[PDB]
Every structure is written in structure tokens, then in C-alpha cells.
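Order as written gives the chain letters A, B, C, D, E and F; numbering starts at 1 within each chain.
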Amino acid sequence: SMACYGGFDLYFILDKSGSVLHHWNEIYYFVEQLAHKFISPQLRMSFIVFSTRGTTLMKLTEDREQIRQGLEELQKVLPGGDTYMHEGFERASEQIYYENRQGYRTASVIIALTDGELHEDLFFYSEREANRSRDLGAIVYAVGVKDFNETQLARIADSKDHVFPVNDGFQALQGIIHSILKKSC
Amino acid sequence: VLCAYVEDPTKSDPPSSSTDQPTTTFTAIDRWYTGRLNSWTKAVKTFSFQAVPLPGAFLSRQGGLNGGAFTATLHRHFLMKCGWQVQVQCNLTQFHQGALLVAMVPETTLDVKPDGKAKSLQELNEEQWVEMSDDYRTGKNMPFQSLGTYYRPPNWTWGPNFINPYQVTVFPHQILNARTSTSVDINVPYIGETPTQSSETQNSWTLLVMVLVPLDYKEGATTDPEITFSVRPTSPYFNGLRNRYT
Amino acid sequence: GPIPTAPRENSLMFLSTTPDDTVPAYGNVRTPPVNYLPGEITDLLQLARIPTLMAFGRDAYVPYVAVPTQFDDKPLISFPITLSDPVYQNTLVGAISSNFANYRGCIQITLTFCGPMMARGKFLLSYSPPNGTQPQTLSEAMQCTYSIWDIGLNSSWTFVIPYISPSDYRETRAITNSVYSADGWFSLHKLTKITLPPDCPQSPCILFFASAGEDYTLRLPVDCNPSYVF
Amino acid sequence: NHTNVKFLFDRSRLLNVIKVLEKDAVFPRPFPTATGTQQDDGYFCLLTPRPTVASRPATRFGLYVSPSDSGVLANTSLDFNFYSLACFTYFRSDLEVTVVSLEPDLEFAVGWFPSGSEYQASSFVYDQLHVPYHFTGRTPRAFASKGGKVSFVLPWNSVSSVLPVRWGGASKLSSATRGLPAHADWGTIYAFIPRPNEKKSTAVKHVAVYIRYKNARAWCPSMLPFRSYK
Amino acid sequence: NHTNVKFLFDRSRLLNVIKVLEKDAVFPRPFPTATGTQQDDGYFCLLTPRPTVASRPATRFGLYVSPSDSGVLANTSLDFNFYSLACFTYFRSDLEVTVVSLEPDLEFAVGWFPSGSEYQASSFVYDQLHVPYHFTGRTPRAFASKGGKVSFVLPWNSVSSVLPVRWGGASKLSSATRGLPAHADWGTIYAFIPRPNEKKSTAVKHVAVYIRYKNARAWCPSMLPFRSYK
Amino acid sequence: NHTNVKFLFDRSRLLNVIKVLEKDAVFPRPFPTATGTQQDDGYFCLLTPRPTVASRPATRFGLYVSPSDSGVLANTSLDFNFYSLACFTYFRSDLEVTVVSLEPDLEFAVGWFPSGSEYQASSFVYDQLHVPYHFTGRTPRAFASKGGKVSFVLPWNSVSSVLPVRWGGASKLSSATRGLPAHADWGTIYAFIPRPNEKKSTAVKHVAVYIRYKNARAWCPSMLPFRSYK
């Protein structure tokens, strides 16, 4: 946009299924490396998990005391259950709609994860709720932890370029979150 | 020999859901079927079980469990009705401590990936011991129905084929202690919702080896005992003769 | 003519637990026979008497009790004897009986020493009545009801917890249940210091069960706790 | 004998709160169901203690936590008072159904069709009124008075010998038909207002379905559900 | 034989006028209760001739003389027709409860839970309606017709052998638990309108609870209450 | 014995939805009927499983596909649940009629006149009110309560020995009276609101007629209807 974003946001939507059962420590190290890096207090971030209940594990807050308390919760999340990636997106879309009632032009960044991909009808609602999140004014980045399908996460994100493998993920998203930060206020 | 629910689990009438003569026998009925099972180490946590589905093991050959001419009789008959007889050995020495729980669980789906269809043989070698997570305690991993795009998919929070891991001693069981025995002897009869179930798709029993006390041994002493088992069907009644299953 | 009937004050009332039948709608059905199934549960006291594992805080709880080599004048484990206590939630005593209202009988803790074979020692098993303060000292454990369990031929001891109560039945979901506190205390004490042989692991584990006695009886079914499903 | 299996499950309890039909129904199409299928959802009560979804037998039980707008919500039923006291595998009993209205002064009527049969889904034009084909049939369509309660005892009709409380086989072929019994039900009921389809109202009237298991028989001792420690 | 104890207390009389539930209740928290506790007050009738306060057994009886605004008033019940003819100490009898509506054409329903058990206080979402967990259970939830009366006879369920009309001990430890028996009750009832919580109305509907003591047995001759001389 | 003929047809099923009389009727004139005949159509239920038209026995069964405006539509009834299981030619049974109202809180009344008799169609002026001649008679005029159901069992009254399910002769002479039995009926019923003709309302109230064949006897094995292959 022409005007800079008065508030900047960041949504960590993390899979905690039985398919990430051996790779949660790789996911939590990816979240902490994006949380303890961006120490700027203008960033309001949120921690969303999904296995069966799409749960907001940390609300949309900015202060680094609650975020460090939130990362104490993510370190003890035992993986287990199904993969409802459409309910990880409803927790984002019930926060974008709650924060579009102010007047600012903000920016919401979505980070989604999966090792074992979804069933045929679980993918359909996740495609619908990602469209629900895109229509509310967000940008979706489907970060890929180990072996997945590049085509399947391309329907969730904006395009196939927004999907990154997690070993390239912090290589990518170090400057992609920073891409808006060199355009923001 | 821990007989189950009767004095003699060999006693079994022919099924009342057939009009033909049952194939009561086959070419080697007084022999056992020995298969490997994954070794028990120190890193195995408490309640990390390992399920051997019967007769799901004769088909997938879980641990080299070759069924000989019982699998080749099960594939050539539609309805099958037998009572099992397992025998798990594990060479517990004086130098080990710990206690397995060998049970014969009725009607559970413990070989099923809490996230899909049925387990392969490579994936039984990768994990080696199925950890008792929140899914296996709440039954949240028996396979969910494909509802379709119309119905909104509900949050599946429970399923009746759980394991309550603290209650597995209600089943026909013997505890493979470090200082009472080295092998168990369980003999179970036929059960089922019908007088005889199918052959390719029945799971009426399940051999279940659960670690109650984790293995501890001194370094340099006897290390990592192997677990074998020996399944043997007692009085089968094969109905519905047809050709080999496709 | 017509029989003159005066209908009562509870007419047209569907009561849930009315001990009587109703009109058959689709009668004359010959059900398929169930003679082939073995093990018919006639009575659910056939499963309170089956010894099932207990739980211990050290949602990852532990059925056994670790035995540290430090000899000490305090109990190795001491849990209260209450069927609402969370060392009984996943037994078959405390899970069947929690869905009822009253019980009467003898809880039967079956022990199992899962240590090495050449271990030698004694254990003291003191059940206490409900006192104002929990007994801790082994001297406070000898004065209660005790039984000395040796690691000899007995690698499995079934300590029958007595039934001592001022009422014929006990409230089965209640912390207090009685005069001031906590309904009793089983306590496995170690009596002599345990000789574990070298090149055999130190810190053995004792595995606890919880069955019910032969005189265990239950009463008054209540609507259960449906919070297993969330 | 309050732990008696024939005594314990012989009492009325809630199963499902189903909506009352006001036209000729379309029975819910089997799984998977694609979008755009015009049908009638949640009007049918599959009479089974096992978990259901969309009036069909389900593997797991699933409720809704945040029921947002996209998609059609599904009537999932479960017998909460059963599984907490169902420490067994098989359970044959004769069902006693009671259908209590949840609408002030409702005249409803309760259909039924056995285990394995299907709903008759059309309408015949009697006197230029669409009278549906669930007013007639050889199965019990009990009629309620204005403000009354429908009650009848149903037999064990299914082709299975017993109902598996826990089942591990596969009804159809494998890959997500594990642990899904096909013929474990006493049938299905549904409520309908006994007026033709041109008198279809606008309100959505609910009704509640109770269940009593007459002559309960249970086999093969098994577990009870896991109680958490939080 | 009109002075016969089995004949004299064998007649119906008023106990309490309790309010009818219209949602999933919160049972009154035990004493002392601090301010700001969100709960549901006076909806429960503790079935006992002894004095009660906030649906829990009380030591004394206390009414209100000038009920001003500050604080929550407490439903205190007493059996006035009992103690004036209770010249004895202990009293075991089987209770007969009759619940008469004090609202014109009310459809209510009467729950119950035994002596020592507790109310099940939550709700399950059936068909996007909050149906509470007091519609189901193993305890009698009798349902009334529209304008009818609920009546049933309850047994002596408590774990005490008899009900102390006069009691001098201490249930818990001392310092204001003297003369307060804990297990002297036939249970507790409560009325609920059998509609889900989204159909909660605005009016506060009352109901009245009667009591008949079937098969009265009295022991240990004692005093009668003091009549004044004014 | 669920295939027993005495058991299979011994259950209630719908026959016709007839309109309720509110004046002295004119019975439908026999076929052919020219235009301009003032009469009362569809108010009479000819109690027969065979097809009817205009409350008279018909050869074929005929419904309407595109019921346009010109002409008077005719109440054609058939017992759908009969002929699909009527693999026989003759059928004598005693009829059990149940008349269920399809109007909220209707007070109706059910006349009857036997096989071969006719409706009495006039009115006598009682107290300056036209009371019709179907309030009186030697035949059963059962009266319903306000919101009730009329039920009675009718005998095999007809002069035929049995009812031909299939008939091939000619009742009158030939040329379109082939296959049309004249005396195959248990009679005819009709509903009337028991108020005189000056209190005739404006709405057109319907009512539904059920049928149970008590003591069914079937002779001469014959075919079942042809099921299509589309």
C-alpha cells in the first residue's frame, strides 16, 4: 500500500498432530528463532496451535514478558491428534476481524506448518478458511516441515512461491517479515 | 497356562451361521508359529506397548510370523472362527529388572496409525514401541470417518477403542516379571459379534506386550532382552470355501 | 360394565427409573443365540475384584513406586484410602465405584516387587485409621495395623485394607467422608535396609495394584461423570 | 445387587435431541457427502450407545468447540452414562425408547425402522395434500397425544448376535473402516408432526429421545474410559 | 392407635418452596462462602426435617425478620409439623416426596441425587443447544406432565443407620461443627423445566416440595420444643 | 412366524385422508356423474384395500400428475402396504378402524354404515337448528373427545364370503364392469363435527383413517405387483 502499516501482526499457526510427533522440537526452534529475533515492541504476535481443537495458545499481544511466558507453553506441547488446519485459521480470522474494527490499515502474516498433510475434506475447509483469512486482509505463508507436497500447500498460501521448506524457512522468513518492516512505519 | 473365561478354550461348536460343513482342520494344526518382536531396551518408557493383531499378524507377517498353511487356509475360506493360544518368551536374566504385561486384548485397533489407515512393516521398525500418548488413552486415533465437504468435520475427542493403560490387567494376562517367570502362557477362546466373523478383516483378539516397569540393567551385564511369541489357533472352523483372496 | 378406576396424582408421569415394563411395539422376534460367547458378566463386582494398576504422581503418572537406597524414617509412599483420591481414578475399584454412591468392603492392594531376583529385605505395610495428622514415622507405623512383607518367597503381597467405619456404608465421592480427615492411609515402609547385589541395578520398583475384597459391595447408582469424553 | 448388569443398565437416560420432521424427509446420504446435496440433517436418532454422526454409526465421538458458520453441523450422539460403566466388550439387550417433547404442547409422532432397513422417503398425494410415506408402514409409528410421551420397548432386531461396545475388525474393506461396526443398532427413530406437508410450519421443533436397556446382558470384561488428572 | 409412630409421621406436609432451574446449575459452594461467587441459590431442597441453610445441613434454624437488600438471602427449611411431635432422638424412615407446582400450568421435572453424592453441573451441546447434564443420570429424574405432580418414594439411602433428630457430636473437627450431622438426609431434589438453556425464560418459577415419612421408626425418648408464656 | 398371514396384516396403516362433514351430506351419485350435480365429494372413506374413486369401488387405481383446475378432483384411496404383500386372491378379515385427526384440537365424530347400506342424507329441525340424520341411527356413530381418537373393530359384514383381492367377473352386466366387485367392503365411514348446520365453519378440516385387519385369512396363492427396472 501507499500508506505504511500502523500496526503489524504475525500469526504462528502450528501443527501439533501425530504427524509432527518427532518434529515438534524443530518447529518450536523455528518459532523461538522468529520470536527472540524480532524484539521490536511494535510487533503483536499470536501463537495458534491445532490438532483437534484449533486453540489460540497466546492472544494477540506485543510485550516480551507474555511472549516468553507463551514460549514456555509451546515447549511443553505434546503432539497428538488429528490435523484441523481449518481451525488454526479460524483462530486467525477471529482475530483479524476483531482487529479490523479500529480504523488502521494493518498487516497480518500467517505461518502454517504440516508434516503429514490433510485428508480430502479436511483440506477443503482449510482451503476455505485460508480464503476466509485472505479476504480479511492477510498474507499466508505455508512453511513446510518434513516431507510434504508442494502443490497441496500452494492452495493454502497465496501462490507456490510463498511455500518454503523449514530448512529454508528461517532463511526465507528472516527477510520476509522484514520485507514489510522496511515498508512499514 | 492362563485359560480365558472357560475351563477349556479348545471346546468350540461349529458356527450356527452356516449351512455347509466347516473345514475343521488343515495340514499342520499341532504346530506353533514363531515370530520376532522388537527388543526391549532402557529407552522404552512406561506403558509403551507393542500390539500383535490376530489374525492380522499371519497376513502382514509382523516380525517374520510365517503362517505356513494356516495363512494359506485363511485366504481360502470366508468365515473363520478360532480361539488363539499365544506364548511370549523373553529371556529375563537375574541382571534385569522390569515387568512386561502380556495380555490378549479383545477388539482393539492398536495397529492403526493415529493419523491414517493401517501400519506398514517399515513403520513398525522405525518407532519400535508405541508410546502411550493422549490419543491411545482417549481412543482418539481409531480411524475417523471421511464425512465429506458437506458436513463440517467435528472435533473428534474420544473413541471407544481406547486403552486405559492402568486397567489392562482386566484382560487375560500374565505379568512377565524379572524374578517370577521368563515366559507367559495365555490361551483364549473365540469371541465375536457374530458366531463367526470374516477372515481377511477380523481383529477379535490382539496380543499386547506393555512395559509396566522400565527395563534397568547394569552396564556390562546382560543387555537388551529379545521378545519372541508363538501364536497357535485352537479349534478353528473355516466356513465359505472359495479361491485365494485378491 | 366399566371398572371404576380413580387415577392417582402421578398420572401421565414418565419417571426414568420406574421398575416396570412398557408396551411392546415390534414383538415376536427370535433373537440370534448368544450361547457361543464365553465370560458373561452377570455382576459388575466381577471386575472390582480384578487387580488393576494404580497411579502415582512422581498427565504422565506412574504405576510403580521407585525405591531409593537411602534408609529413612518416613514412608516410602503413603497415599490415603479414599475412592475419590487420584491414585484410584484409573483402577477398576475407583472407576466402577465412583459412578455409585455407597461402598462397603475391603480394598486389597496387591504388591509386586519388580526388582532383581537376589534382593533381600523386609517391608512394613501400615494401614492407619483416619487420624488428625498423617502418620510418617515408622514408630508411628508399627502402632497401627501392619504386616511385614519380606522379599523371600513373597514377591507379591496382597495387603487387605480393613473396613473400619462408623456407618454401614461410605460416601464414595467425598474427600472428607467422616471425622476430620482423609479416611485412612496405607503406607509402604521399608523396614530393614534393602540388600541389592552389585551388577544388579540399584533403585528397584514396586508395582501396586488395587482390587476389592470378596465382601465388597456397592449401592445406589448415580449419574456418572461425563468428563471422560472432552 | 445394585452392581447387577441386568439391574444397572435398566434405567432411562438421554441419547439425542433430534428435530421433528414437517415434510417428507431425505435420509442423510452415506459418507462421504459432497456439498450441495439437498437432504434433511439431524432428524434421525440412530439408537445406539456407540458414537454416531449424521444419524449413521461413527468410529469416534466428536463434539464442536467453536461451531463457526461454514459447513453443516452434525448431530453426534453418545450414551455418556453407558461407557463410564461399560467395562465390557459385548452387550445384547432389548431397548425401551421414550420420546419426550421439548416443545410446549406438541403433538408429534415417532416412526421407526429396524436395523438394516431404511427410511421410506417420498409422498403420496391424498386429497391434494402431500401425505408422506412415513405415516404408513409395517413398522411401529406410534402417535402421541397433544402434550404426551411416546414409549415402547424394541427387541434386539439386528443381525449381529451382540452389540460390540468395543470393536476392532472392519465392516467393509480396510483404510478407515477399522473399528466401525455396521449392524450394531436397535434401529432408528424420528419424530414427525402428523399433518401433511402444506401445513409445514416455520419453527424448528426439537424432541428428546430417552433409552432404557431392558434385560441387559454383558460379555467379555474390558476397560473403562481414562479419567484425566487435571 | 393414632399416637402410633408409624401412623403419625405417615402423612404429607410441606418442607420447602424451591425455585425451578432453567439452566445448568452451579451447586451452592460449602460454608463459608465469600462474596462474588457466581452460583445458583435456593434451587435445591435438602430433604431433611432438620434445619437447613443454602441447601446444606444447618445447626440452627434461622428465618429473616427485616430482610434488607445487602447480601443474598438463604432458603432455610424446617419441618414444623415434625419437631413439635418429635419427642425422640433418632428417626429412620423411607421418604415419600411429592412436588406440587406453584405456577399455573407448569411443565417441570424433578431430579434427585442420594445422600453423599453431588449434583452434576455442566452441559453438553446437543444439536447446538446446551442440554445440561441433569437431564441424564442413573438417579431418578421424574418428568411431570403439563400441570401435573411428581411423586415417588425414596429409600433410607444415607450411610448413617438413623437420622439424629438431636445430635451432639462433631462431624468434622470441633469449633462450630458441634451438633451438625453430615449424613442425615434422604438426598436432595431440584426442579428443572425440561427445555434447553437457549429457551431460558425471564420469570422465576417456584415449586413446592412435600414429604411423607413411610414406615417411621423412632428411638431414644427425648424432649419437645419449649412453648413460650406470652 | 413373522410371515404368518394372521400376524402380517394385523397392524395399523393409512387408507385415506377424508374431509370432515359440517352439514347434512349428499352422498356421491353413482357413475357416470354429469356436471352440475350438487353433491359432497371426498367426505366418505370406503373401507377397502382395493382401489376406490369418489368413495365407490373402482377397477383401477388412479392418482393425479398435473391436477389442473377444470373438473372436480376425486379422492382415490389404496392400501399400498397391502398389495405389495398380497400374494393371494381372497382375503376375509375383521377390520379395525382408527380415525386420527389432522386438525389441532378437533372434536369430530365418526359415522359408519354397512356393506350394501347407504348414507341417510337429510336433516330434522331440532329447536330451529338443522340437526342432520347422521347424528342418529342403529349403526355406530362413535364420538371423539376434544383432541381424541376414534377406534373400533368392525366385523366382516359384506354379503360376499370373502373379499377378492383379484376379481375377474362382472358385478353388473359387461362392457366396463369387468373386474369390479360390488360387495367387497367393510362399509364406509365419514367424519362429522357434532354441531348443527348453522354452526358450519369456513375452514375445511381433514381427518385420517387407519386400518388394522384383525384375524386375517387369505386364500388362493397369486402374484405380487410388478417392480420396474428403472
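Just so it is clear, a contact is a pair of C-beta atoms (placed from the backbone, for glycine too) under 8 Å apart; a residue touches a chain by one contact, two chains touch by 3 or more.
Chain centres here are C-alpha means, and the one lying farthest from chain C is F. Two chain pairs are in question, A-B and C-E; the one with more C-beta pairs in contact is C-E.
Each chain gets one centre point, the mean of its Cα atoms, and the points for chain C and chain D are 36 Å apart. One finds 65 Å separating the Cα centroids of chain B and chain F. Between the Cα centres of chain B and chain C there is a gap of 29 Å. One finds 58 Å separating the Cα centroids of chain E and chain F.
Counting partner chains per residue, chain C has residues 12, 14, 16-17, 29, 32-33, 36-39, 47, 50, 55, 59, 90, 92, 95, 99, 219-221, 223-230 touching two or more of them.
The multi-chain contact residues of chain D, meaning those touching 2 or more other chains, are 8, 11, 13, 32, 61, 63-65, 67-68, 70-71, 73, 78, 80-81, 83, 87, 90, 100, 149, 160-162, 219-221, 224-226. Chain B has residues 5, 116, 134, 140, 144, 146-149, 152-153, 155-158, 164-165, 167-168, 170, 191, 195 in contact with two or more other chains. If you check each pair of chains against the touch rule, the ones that pass are A-B, A-D, B-C, B-D, C-D, C-E, C-F, D-E, D-F.
On the chain C side of its complex with chain E, the touching residues are 8-17, 99, 101-102, 132, 167-174, 176, 179-180, 219-227. For chain A in complex with chain D, the residues that touch the partner chain are 53-54, 87, 90, 120-121, 125, 128-129, 132.
Contact residues of chain F toward chain C in the complex are 1-2, 7.
Chain E contributes residues 107, 124-129, 131, 133, 135-138, 143, 145-146, 194-196 to its touches with chain D in the complex.
Residues 17-19, 52-53, 78, 80-84, 86-87, 116, 119-122, 124-125 of chain A are the ones that touch chain B when the two sit in their complex.
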